[PDB]
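Taking the form deposited in one PDB entry, here's one chain by itself in structure tokens.
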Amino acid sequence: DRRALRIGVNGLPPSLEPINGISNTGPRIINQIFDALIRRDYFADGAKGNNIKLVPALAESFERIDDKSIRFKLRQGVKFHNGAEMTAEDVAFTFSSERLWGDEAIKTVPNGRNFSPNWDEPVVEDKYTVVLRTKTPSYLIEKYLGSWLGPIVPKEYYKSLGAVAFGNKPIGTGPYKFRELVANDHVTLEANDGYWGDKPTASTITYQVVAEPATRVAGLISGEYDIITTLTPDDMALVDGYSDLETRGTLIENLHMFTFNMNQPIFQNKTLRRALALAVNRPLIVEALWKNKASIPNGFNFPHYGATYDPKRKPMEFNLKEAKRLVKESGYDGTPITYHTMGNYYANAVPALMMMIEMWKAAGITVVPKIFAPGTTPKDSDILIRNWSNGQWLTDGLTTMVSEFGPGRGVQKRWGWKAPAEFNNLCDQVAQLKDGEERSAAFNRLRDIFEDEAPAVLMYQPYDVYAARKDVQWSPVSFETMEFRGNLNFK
């Protein structure tokens, strides 16, 4: 018979509503309850969980009909876990102004517009045909629909509960249905044997919260968990030493960085930001703390961007002499500069910060750690430097250089980055351009402006480490989620 699967997790998301649950901990549950119109086929063509190939999922087929619209022909007879049939009304509601990107929608789905292209209202043409469209040109609609924005929600059930209550009792069409949630303790899912895709291989999946990695590792050894999440390379020797267990790691499409509150006088100008960027010996941090498993990106540039990945782009430079030169040009007077970090919320954050403080001290810059406890929210006027992480969530270069650092977004509006006019004009263009030499050249120009301006300093692409009992065949994917479709067998 099928075995129950137990996953020892770092935590649970604030909600299981597909958008509001977007976090380091939500997608690994959400991916099981819901399906999107398009699925990223991570293991296609022998790829090691990193293929960017998008394949139809709830959409039987789709045809792009112009630079801003796609007509989807949906699978018919597919049911949500409540017994309701999925139709074009459910898909239109999922990406409607009412639920997702209108002004009232973002009161209960705050990131609905942030994670969306410039949508126009979906058009339901018949029971199973829906045109999803943007107001302005967008050759990124397919990638958005294959991203964490994509999960299809049941209109009648979602509308009767609202986004918050739906988040505590989600209903989707996915291989595993929601059974129960005990806040910050566990989520249990059950096999959806009415699933339109392959039969689920686990009878139940339990995500059990174990805050401390050491206790997660104990639980795996003891037989409490079959898989455990959120380990670092340092934990690999202990786990791999057991003949019944093994680590399963992968580079993830996330970016660890530090950024500045550019409203502060010292960071209004690019000079000290550039001095702080050029003084970081990123290879040293990667060798010492990540066992050379983390990757330094060659600019704001990753292979999963696809046509907008530039493999020939030169690496970001460590130039202590040029950093010292810029410290003098900035007029820095030795006042201590705080670096806000919520402990090791981002893996190895305090150890990396302690190494960077010494690199900054070498360039003649005094940076002091301000390790704020979790839950606390330091006010903006108190932040000088702060660590940040950005999930590189589309299989495209738009996210996050354009989505986070673009015009009207946080880095410019809230954190005062006065980006050069060409950067904002190229940001607007790459959202609308089709992939080609113009689009690829514009991203390289945006990358050059980003490095020149230093609104943030890219540290590295982290290496995520899972551990599992060898009798559970399951491979990680290059994203902060877990995929069990064609990837979960009990030996």
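The first residue of the shown sequence is 1; numbering continues from there.
inquiry  = Mean CA temperature factor from the deposited coordinates, higher in 68-76 or in 339-347?
reply    = So the stretch with the higher mean C-alpha B-factor is 339-347.
key: Which of 270-278 and 186-194 has higher mean CA B factor, as the PDB entry lists it   = Stretch with the higher mean C-alpha B-factor: 270-278.
query = According to the deposited entry, which of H81, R133, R414, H256 has the largest Cα B-factor?
reply = It is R414.
task = Using the temperature factors in the entry, find which of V91, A218, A352, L398 has the highest value at its Cα atom.
result = Most elevated C-alpha B-factor of the set, per the entry: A352.
message = Splitting the chain's C-alpha B-factors into thirds, which one does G249 fall into?
response = Bottom third by C-alpha B-factor.
ask   = Among the modelled residues of its chain, does the C-alpha B-factor of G46 lie in the lowest, middle or highest third?
value = Answer is highest: the recorded C-alpha B-factor places it there.
task = Relative to the other modelled residues of the same chain, rank the CA B-factor of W360 and answer lowest, middle or highest third.
result = Highest third of the chain for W360's C-alpha B-factor.
ask   = By the record's CA B-factor, is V402 among the lowest, middle or highest third of residues in the chain?
value = Lowest third of the chain for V402's C-alpha B-factor.
request  = Taking the values exactly as deposited, rank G241 by C-alpha B-factor within its chain and report the matching third: lowest, middle or highest.
outcome  = Answer is highest: the recorded C-alpha B-factor places it there.
There is another form of the same protein, the form deposited in another entry; it is not shown, and what comes next is about it.
ask   = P137 and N263: same rigid part between the shown form and the other one?
value = Both residues do not go with the same rigid part; they split.
key: Cα-Cα trend for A214 and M355, given that in the other entry the distance shifts by 3 Å or more   = Closer in the other entry, by 3 Å or more.
query = Given a CA distance change of at least 3 Å, are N111 and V411 closer or farther in the other entry?
reply = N111 and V411 sit closer together in the other entry.
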